[PDB]
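Two forms of the same protein chain are encoded below as structure tokens; each is given separately, as structure 1 and structure 2.
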Structure 1
């Protein structure tokens, strides 16, 4: 691998810890990084580290590198999972990014359903706002996420939402429409029709996915189209079906979901617009229920 001193961390400054997840991407572990900031060389920072599995191919390496390189280019934002450093020399590739201690947004919402304190309506709108803000930043850097969903939003110790996995390499022509998430759900349920049917990914199709994520927020981690298999989903979308309004959701916020699901991509709102609308809605939202 080519040396890049902008990002290199000596690997004896990385104390590897417990796993966070394994799969086709390799494996991710929690870790402690000693002297990340050159200012404080005696401070440890909890971080997450991605590395390759043992039986990993030359393409597997190339995908991890392009993911690291994409993060380098995109730059930093409060509401995305930021690259912190890399271990690339004399050993296995380690890609180091911010650690979000409260896990993904789907799990976080589900743990706070009434029978870990319940979320106020302002907490929920503010969650949406922060995700929209991350996507606004990513879109401004010309980044199309392609798999925006609550499972790909991570929550920090301080309840900050961070978009994850915006830099993954995907061959969209090799998507397995039938492949489930570890949770048993079908990622096709977050795709715009023009991405699902025609493989056309845009900022406008990420806005479609954001609408689904909004629905996940206000159902507190609900599963979209529960029990609906791929073939029937295709039919629903061909017919123009749209998910029902969640209970505990204003008509204004449901109108936002429906606009994100506009049949015509050019007529959906932009993330810039959604940020402005959500900002207005946060201010007007009662944190008393």
Structure 2
């Protein structure tokens, strides 16, 4: 275990004041932290940051995984609407990967806590637009998410949506095994991805369809009370979820377009961004 230094991102450990943990192990031992002078221009400023690290009893393969994650972020590059890499502590101690902090939790929790401040109809659509922008970027950089969901969209102090866990490789996951927090991850998967193991930017758009439904149900659980075996039957039968209560016909049509049985007929993020752009413009 000897990691190579990268002076682009390298940060001294003495510049990193660690803090309370974040988000229930959902992202693999993350903590709140305070980085003293990330920006070498203003070196006397603290910045609130998130810091992922390896677990108490992590394996040699877990380290391999965490490095790939770090390098992935390096390559993909910066965008407002994704979790950006800020730095890392690689030398003379455990690996710390420092990323942008998102004060107001994930999107599911964010929406649930703000059920009836209010979110204007505009806020919700604005929020959906932002995720589409973030996904357009990732798509432009050949990056397939594979698990796009409100659970993996974080929200900042400034209410900016930041996509997380995009990329994060692996290779036949168990459909039946749940998120121990209380979630069945297969319900976001497109049929081609679910059945045939074929992940594409189109399969992500299917998931974005489900994410839209999540938004306009203020953190609603999709296919509630439907076990795995039943979900298979439903998707096979061409079943699609009902329109949310607070959700226009235009937006529901967008969901349905995202849930088009034929992958190539689904709209691209590029298109979704443009449509959402226009729709945000006309909303209270």
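Numbering follows the first chain given and starts at 1. Throughout, rigid core stands for the largest set of C-alpha atoms superposing within 1.5 Å between the two forms.
K.L.:
Considering only 265, 21, 10, 17, single out the residue whose C-alpha is displaced by at least 2 Å between structure 1 and structure 2 after superposing the rigid core.
P.N.:
Comparing the C-alpha positions, the one residue that moves 2 Å or more is 21.
K.L.:
Give the rigid core superposed Cα shift of residue 58 between structure 1 and structure 2, in Å, rounded to one decimal.
P.N.:
Residue 58 C-alpha displacement between structure 1 and structure 2, core-aligned: 1.1 Å.
K.L.:
Core-aligned, what does the C-alpha of residue 43 shift between structure 1 and structure 2, expressed in angstrom?
P.N.:
Superposing on the rigid core gives a C-alpha shift of 0.5 Å for residue 43.
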